[PDB]
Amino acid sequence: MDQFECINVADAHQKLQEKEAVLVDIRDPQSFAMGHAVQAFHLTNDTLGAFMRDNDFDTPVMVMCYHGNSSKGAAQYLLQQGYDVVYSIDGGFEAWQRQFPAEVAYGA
């Protein structure tokens, strides 16, 4: 579709558990390594080319950032590239870690 949607972390977690959507994290690499959601792919302009080759445009994509702000612009960017089902995760990593502290991974 031609718009992206904002979702909360409980919704995102459920989609992930059901294997319905993939999760990308657009934060800087240092913050990513300090802690990220399990199964998050670190998506940057450099890793985008690989991401696109590896995830067809019909793949639902959920975008996480620091707080839920930059993920909106990144989600819109992905729609513009051809993705049809894109979400921005309200609250970002802060919300993820608060709700799901046992589902945090470290490093790359």
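In this text, residue numbers run from 1 along the sequence as written.
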*Would you determine, from the values in the PDB entry, which of 58-66 and 42-50 has the greater average C-alpha temperature factor?*
42-50
*Do the C-alpha atoms of 3-11 or of 97-105 have the higher average B factor in the entry?*
97-105
_Checking the record values for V24, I89, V85, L16, which has the greatest CA B factor?_
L16
*Check where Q76 lands among this chain's C-alpha B-factors and tell me if it's the lowest, middle or highest third.*
middle
